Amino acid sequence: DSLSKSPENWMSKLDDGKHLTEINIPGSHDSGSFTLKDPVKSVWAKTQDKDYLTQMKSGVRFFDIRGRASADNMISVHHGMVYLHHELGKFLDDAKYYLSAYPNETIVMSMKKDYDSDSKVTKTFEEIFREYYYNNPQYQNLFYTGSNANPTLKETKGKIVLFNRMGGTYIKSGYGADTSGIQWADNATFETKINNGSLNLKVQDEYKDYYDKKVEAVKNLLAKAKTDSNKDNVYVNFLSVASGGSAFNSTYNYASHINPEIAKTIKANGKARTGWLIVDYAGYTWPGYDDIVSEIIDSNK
């Protein structure tokens, strides 16, 4: 019986000793944009329709969280200048609940500054996150705090793994958790060594692409992962694409076709390594076409 049919805890069904790197993970791009209702804002700033807990119930384990310091102790979730109507607390509290109810899953959480801090803010984004969230008492036991750069599933069971997109940081656990952070190339397919050289991150993040290009970039990186047995390589590619104006053109209209297209490829490829794939409108189904989150889930042994 395929893993898809039980996406509330497919990771529990996996060999503990695999590095998260090795596991093919479903991710949601701009994970918290589900709260947006505005029809015009939604064509470009909205990337999901399911809330956090539902995303998790549907099997997504990589959450792309973008934030803005609103106060010296609070980080607002954002798609750029657009406030997505909740603080980071909403996500972490949602992660805590789920992780207890399904103690054999792990969540990787990407953290990024997406917009400038309020005028009344004293501290840096990194300081506010590190000191009021990463090691806030209320979430002790929640984050990974080990010292392994390439954590095993067993090591992270029941925890959030920091994926550090904040620049340099004093947090000492997670991917890119050092004073260098991650070297992110704008609108590109790139490689960069992270965690002191102990990991080679590989990203397809060509978000300005048009349809043909995007699908090609997704599939090019996808094919490289198919071959790569290396536990020290990380693969993250976003199927997601920046919309246009108009709505036509909208984020959903892209995801509505990119997701199924990449979904058919993956299933055809049998069980094989895919890397971490980050999608818009995860959990969104269109009858007749394959589900990208399901085929990602099903490609793990």
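Counting begins at 1, following the sequence as shown.
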176-184 versus 134-142 - which carries the larger mean C-alpha B factor in the record: 134-142
Stretch with the higher entry mean CA B-factor, where the candidates are 185-193 and 224-232: 224-232
Using the temperature factors in the entry, find which of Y83, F129, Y97, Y115 has the highest value at its Cα atom. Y97
From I65, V40, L239, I266, residue of greatest CA B-factor: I266
How does the C-alpha B factor of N164 compare with the rest of the chain: lowest, middle or highest third? lowest
Split into thirds by Cα B-factor across the chain's modelled residues, where does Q48 land: lowest, middle or highest? lowest
How does the C-alpha B factor of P103 compare with the rest of the chain: lowest, middle or highest third? highest
Compared with the other modelled residues in the chain, in which third is the CA B-factor of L14? highest
Hey, what third does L36 fall into on Cα B-factor, ranked over its chain? lowest
